[PDB]
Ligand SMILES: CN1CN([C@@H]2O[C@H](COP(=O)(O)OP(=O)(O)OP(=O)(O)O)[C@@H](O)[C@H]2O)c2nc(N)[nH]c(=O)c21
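Quick heads-up: it's one chain on its own, the form solved without the named molecule, in structure tokens.
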């Protein structure tokens, strides 16, 4: 679990890794539809983060329909969570082979407090699919245009992506 240790470098928040997988079809796979999400663990320092991250496969090497989620401790990676329900996310769709580096850059910027939006960040997701990967960063208030504008600028600055790459913002409710 997460403890603050004098010899270690604290993060501004504790964060929790999550892992989900979806067996997407009844015809598509021989097995029946199945969906699972499991909390991996929670960490409080830079050194503790590396203990977890260095022992996880990079997302570009996951198979099937799988996701890593990295969210502030106490925020579930589900839009209906209190911390998320009035929020939204920046979405970046990537051709296969780019997600592992972009995920690392994203979560290092998030954990390191590089966004400068106070408490607005909820967490980040990398979703591995068959023909593309999707990376997103979620924030608390979807209607806070100044916040969501600052996140975009930091993303463009820290992610190291071709300037042709599109980014889209989506408010979680808009899905209903």
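Shifts are known only where both forms have a C-alpha. Residue numbers count along the first chain shown, from 1. Take the two forms, superpose them, and find the largest set of C-alpha atoms that agree within 1.5 Å; that set is the rigid core.
A second form of this protein, the form solved in complex with the named molecule, is not displayed here; the remarks below concern that form.
S.K.: I need the one stretch from 29-37, 114-122, 52-60, 139-147 whose residues put non-hydrogen atoms within 4.5 angstroms of the named molecule in the entry with it bound.
M.R.: Careful reading of the contacts points to 29-37.
S.K.: Can you tell me if residue 77 lies within 4.5 angstroms of the named molecule in the entry with it bound, counting non-hydrogen atoms only?
M.R.: Although the named molecule is absent here, residue 77 would touch it in the entry with it bound, with heavy atoms inside 4.5 Å.
S.K.: Can you tell me whether residue 22 touches the named molecule? I mean in the entry with it bound, with a 4.5 angstroms heavy atom cut-off.
M.R.: Residue 22: yes, in contact with the named molecule in the entry with it bound.
S.K.: Could you list which residues of 47-66 come within 4.5 Å of the named molecule in the entry with it bound, counting heavy atoms only?
M.R.: The one in contact is 65.
S.K.: Superpose on the rigid core and name the single residue from 143, 54, 131, 35 whose Cα moves by 2 angstroms or more between the shown form and the other one.
M.R.: The one that shifts is 35.
S.K.: Please determine whether the C-alpha atom of residue 23 is displaced by 2 Å or more between the shown form and the other one following superposition on the rigid core.
M.R.: Yes, the C-alpha moves 2 Å or more.
S.K.: Closer or farther: the CA pair residue 28/residue 132 in the entry with it bound, versus this form, with a change of 3 Å or more?
M.R.: More distant in the entry with it bound, by 3 Å or more.
S.K.: In the entry with it bound, do the Cα atoms of residue 33 and residue 170 sit closer or farther apart than here, given a shift of 3 Å or more?
M.R.: Their C-alpha distance shrinks by at least 3 Å in the entry with it bound.
S.K.: Which residue ranges, three or more long, have every Cα moving by 2 Å or more between the shown form and the other one relative to the rigid core?
M.R.: Segment displaced between the shown form and the other one after core fit: 23-36 only.
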